[PDB]
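Shown below, as structure tokens, is a lone chain in the form deposited in one PDB entry; questions about how it binds or moves come after it.
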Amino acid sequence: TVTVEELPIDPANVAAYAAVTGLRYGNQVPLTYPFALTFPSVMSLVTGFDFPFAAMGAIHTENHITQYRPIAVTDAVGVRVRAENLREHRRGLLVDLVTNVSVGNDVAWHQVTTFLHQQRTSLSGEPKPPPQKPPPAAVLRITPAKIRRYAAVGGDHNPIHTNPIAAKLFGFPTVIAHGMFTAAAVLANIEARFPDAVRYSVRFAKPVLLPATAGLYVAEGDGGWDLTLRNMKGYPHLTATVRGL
């Protein structure tokens, strides 16, 4: 467990984040923003010192955010993080990083982030699953330079997103986008209609090799939104759901 009593929010950092992700800057932080805000506290738990990087080569596989109420740019926040549920995967060791962000003594925003830390495991002899696979609602175009900018703003400088040598050392043929860049970028416009209490579940699949041109599909429903971002192969970079609580 790591604990941070009172963490102020810099409105400039929110603005800069909203600008880079293409999201709206206003009185409420964007739904995904407390990922960036808390991340250096998250990695101080694994490292013991403040460290603003996911472990080099780590792969973000899943993220579940439950927002009970919006967090104001003017709020200061209580932060508590914990690590749990180590388990083996074919391509490494998954761990869950569970974050509680409070305003007053109430929990406004909760997150389960699962990172895959690459390494051989006893499941590594075992075959590659297959995937689970028209004109899109929008097209995301993502450059190395947008992702160098995202690194500065979103609390994670893991150099597999910015330096090709680092990427290559960890199995990637070019630099790749951060998972949470893309998780934030897909919310553009759509976010205007979110209720204040909302859950956002993201599953990450094919790495977003840069430069990337990627088609975004959005089905709106009574419950909320189903999102899929893909590369036209046409396999998924992510699939996700937004649901009003």
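Whichever C-alpha set is largest while still superposing within 1.5 Å between the two forms counts as the rigid core. Only residues modelled in both forms are compared. We number the residues from 1 along the sequence you see.
Keep in mind that the form deposited in another entry is missing from the display, and what follows is about it.
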Superposing on the core, which single option in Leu37, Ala54, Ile176, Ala184 has a CA shift of 2 Å or more between this form and the one not shown?
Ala54
A 3 angstroms or greater change in CA distance between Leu23 and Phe51 is reported in that other deposited form. Closer or farther than in this form?
farther
Explain in one word, closer or farther, how the Cα atoms of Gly171 and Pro52 are placed in that other deposited form relative to this form, where the distance changes by 3 Å or more.
closer
What stretches, three or more residues long, have all their C-alphas moved by 2 Å or more between this form and the one not shown when the rigid core is held in place?
46-54
